[PDB]
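K.L.:
Would you mind keeping the following structure in view while I ask a few things?
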Amino acid sequence: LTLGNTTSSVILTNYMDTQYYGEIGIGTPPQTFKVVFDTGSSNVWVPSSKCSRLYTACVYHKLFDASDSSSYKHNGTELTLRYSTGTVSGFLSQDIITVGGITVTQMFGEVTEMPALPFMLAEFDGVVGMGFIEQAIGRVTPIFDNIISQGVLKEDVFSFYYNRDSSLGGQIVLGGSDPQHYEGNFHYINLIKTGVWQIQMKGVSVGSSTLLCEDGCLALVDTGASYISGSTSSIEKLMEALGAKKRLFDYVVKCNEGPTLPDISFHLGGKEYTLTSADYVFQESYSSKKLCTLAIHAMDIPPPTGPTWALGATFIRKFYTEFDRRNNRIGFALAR
Ligand SMILES: CC(C)CC(CC(C)C)NC(=O)[C@@H]1CNC[C@H](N2CC(=O)N(c3ccccc3Cl)CC2(C)C)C1
Ligand SMILES: *[C@@H]1O[C@H](CO)[C@@H](O)[C@H](O)[C@H]1NC(C)=O
Numbered sequence: 044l045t046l047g048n049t050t051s052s053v054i055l056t057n058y059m060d061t062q063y064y065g066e067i068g069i070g071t072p073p074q075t076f077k078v079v080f081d082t083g084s085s086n087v088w089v090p091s092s093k094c095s096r097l098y099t100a101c102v103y104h105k106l107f108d109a110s111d112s113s114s115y116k117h118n119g120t121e122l123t124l125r126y127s128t129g130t131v132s133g134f135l136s137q138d139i140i141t142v143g144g145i146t147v148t149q150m151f152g153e154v155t156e157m158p159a160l161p162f163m164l165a166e167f168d169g170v171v172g173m174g175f176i177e178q179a180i181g182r183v184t185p186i187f188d189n190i191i192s193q194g195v196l197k198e199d200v201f202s203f204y205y206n207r208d209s214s215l216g217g218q219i220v221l222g223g224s225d226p227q228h229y230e231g232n233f234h235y236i237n238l239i240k241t242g243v244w245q246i247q248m249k250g251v252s253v254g255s256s257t258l259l260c261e262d263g264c265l266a267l268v269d270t271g272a273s274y275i276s277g278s279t280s281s282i283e284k285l286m287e288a289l290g291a292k293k294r295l296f297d298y299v300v301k302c303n304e305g306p307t308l309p310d311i312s313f314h315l316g317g318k319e320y321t322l323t324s325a326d327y328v329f330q331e332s333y334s335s336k337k338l339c340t341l342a343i344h345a346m347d348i349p350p351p352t353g354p355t356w357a358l359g360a361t362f363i364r365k366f367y368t369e370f371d372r373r374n375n376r377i378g379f380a381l382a383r
């Protein structure tokens, strides 16, 4: 592990409080793409120009064209990323990727098959996994690992900051953290094991009456997830306590009832991380004649990683998050 002095930052744009993306450039000359940085995965991919135009999502996004890059390096082995909410498929390619000022040769997948649902709903073009190589599909070295191999980063860590206003939309600091966006001290929790940004969660409290995860649970700290999620079983009890009713994909409460929802706390490493209704309710109205969505979904992640809760933007918006790769821990601090 070689440590330099360079720390870099990627300015993120906030889309509806659900999607936080930044720009990266691939090839020579650079072909820019909008991508989300997902600690819940380890691969990098952008839509390919070789993607059949019958995939409308490809018609509605920036396509990487290898024929215009002089740095491109062919490989072609097939690749399929099966995410929780959808799947993408294509092949592996190599070229120079610029991110936050750093130029690194990277193996990424050129997606040639990306379904309308959910990708048509995607503001971003691709994804940059910030997970360990252990979670990488196709055994492809993660872009951060490669950057660390350059020995330019001052620290073997990166931090995320998600702003509330959908000003700066968000900010990722590679090689450290930005004290401008957090106050108080960082409080760390150790990873259940290296290879996954998952930590032990001692318990989830809702208001004063209910207590979920009383025997412990797993908490994946997911920068690529918009909401906070728990096993269907957990969310049912949780939502029961909130008085919310379940629709096809999310939960909602009559907007007038929104402001009076109880607090929800997540016990992590001996520190109570609390959210208020304003933290998880999309309060777009106060009338009883309208339904307000909750930023908490139900999602059952399969073993070996699941069952587990997922702490996404809903959580990260309030708590500045630092991902420490050298000490295999995650640190939280109050965002500002
Ligand atoms: C469950 C984990 C541990 C593994 C799994 C897959 C693995 C092969 C990495 N990881 C994930 O699924 C990722 C977990 N973190 C979130 C991530 N998002 C899913 C999603 O719904 N996205 C999205 C957001 C808004 C609009 C449209 C879309 Cl597509 C984008 C990404 C892919 C970043 C998938
Ligand atoms: C793709 O890269 C792998 C190494 O990661 C290599 O073994 C393989 O031959 C490459 N694909 C080809 C045939 O270009």
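Those letters in the sequence shown? Residues 44 to 209, 214 to 383, per mature numbering (1 follows the signal peptide of the UniProt record, and there is no 0), in order. Here a beta-carbon is modelled for each residue, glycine too, at the ideal position from N, C-alpha and C.
Beta carbon of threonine 130: closer than 7 Å to some heavy atom of ligand 1?
P.N.:
Position 87 of the sequence shown, counting from 1, holds the residue named residue 130. It does not: the Cβ of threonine 130 is nowhere closer than 7 Å to a heavy atom of ligand 1.
K.L.:
Skipping 5 residues on each side, what residues in its chain have a beta carbon closer than 6 Å to that of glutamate 198?
P.N.:
Taking the sequence shown and counting its residues from 1, one reaches residue 198 at position 155. Excluding positions up to five away in sequence, the list reads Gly222 and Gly223.
K.L.:
Under 8 Å Cβ to Cβ from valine 200, same chain only, skipping five residues before and after it: list those, please.
P.N.:
For this step, residue 200 is matched to residue 157 along the sequence shown. Correct list, in chain order: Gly222, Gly223, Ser224, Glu369, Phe370, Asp371, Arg372 and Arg373.
K.L.:
Could you tell me which uninterrupted alpha helix (DSSP H) segments, each at least 4 residues in length, are contained entirely in the segment 147-175, listed from first to last along the chain?
P.N.:
With a minimum length of 4 residues, the continuous alpha helix (DSSP H) runs that stay inside the segment 147-175 are 159-162.
K.L.:
Just checking, does the segment 98-115 make contact with the segment 133-148 on the three C-beta pairs under 8 Å criterion?
P.N.:
At 8 Å Cβ cutoff, the stretches touch.
K.L.:
Rounded C-beta distance between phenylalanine 107 and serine 91? I'm assuming under 8 Å.
P.N.:
Here the question's residue 107 lines up with position 64 in the sequence shown. Here the question's residue 91 lines up with position 48 in the sequence shown. Sure, about 6 Å apart at Cβ, within 8 Å.
K.L.:
What do you reckon, is the C-beta of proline 309 under 7 Å from a heavy atom of ligand 1?
P.N.:
If you number the sequence shown from 1, residue 309 lands on position 262. Checking every heavy atom of ligand 1 against the Cβ of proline 309, none is found closer than 7 Å.
K.L.:
Comparing alpha-carbon positions, which option in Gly70, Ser335 and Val79 lies nearest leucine 55?
P.N.:
Position 12 of the sequence shown, counting from 1, holds the residue named residue 55. Ranking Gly70, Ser335 and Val79 by Cα distance to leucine 55 puts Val79 first.
K.L.:
Kindly identify the DSSP beta-bridge partner or partners of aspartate 81.
P.N.:
Reading the sequence shown from its first residue, position 38 is the one you call residue 81. The partner list for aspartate 81 (beta bridge, DSSP) reads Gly172.
K.L.:
At what residues does the beta strand (DSSP E) containing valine 87 begin and finish?
P.N.:
Taking the sequence shown and counting its residues from 1, the one referred to as residue 87 is at position 44. Counting along the chain, the beta strand (DSSP E) containing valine 87 begins and ends at 87-90.
K.L.:
With a 10 Å radius around its C-beta and 16 neighbouring C-beta atoms as the bar for buried, classify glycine 144 as buried or exposed.
P.N.:
Mapped onto the sequence shown, residue 144 falls at position 101. Its Cβ having fewer than 16 others within 10 Å, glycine 144 is exposed.
K.L.:
Are three or more beta carbon pairs between the segment 173-183 and the segment 113-133 nearer than 8 Å?
P.N.:
A contact exists between the segment 173-183 and the segment 113-133.
K.L.:
Output needed for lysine 105: all residues of its chain with C-beta closer than 6 Å, excluding positions within five of it in sequence on either side, in chain order.
P.N.:
Counted from its first residue, the sequence shown places residue 105 at position 62. Taken in chain order, the residues that qualify are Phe76 and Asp168.
K.L.:
May I ask you to check if the CB of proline 185 is nearer than 7 Å to at least one heavy atom of ligand 1?
P.N.:
Here the question's residue 185 lines up with position 142 in the sequence shown. Checking every heavy atom of ligand 1 against the Cβ of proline 185, none is found closer than 7 Å.
K.L.:
Straight-line CA distance for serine 324 to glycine 305?
P.N.:
The residue you call residue 324 lines up with position 277 of the sequence shown. The residue you call residue 305 lines up with position 258 of the sequence shown. When rounded, the distance between both Cα atoms is 7 Å.
K.L.:
Taking a contact to mean a Cβ-Cβ separation below 8 Å, would you say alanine 357 touches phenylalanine 366 in this structure?
P.N.:
Translated into the one-based positions of the sequence shown, residue 357 becomes position 310. Translated into the one-based positions of the sequence shown, residue 366 becomes position 319. Taking 8 Å as the Cβ cut-off, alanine 357 and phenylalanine 366 do not qualify as a contacting pair.
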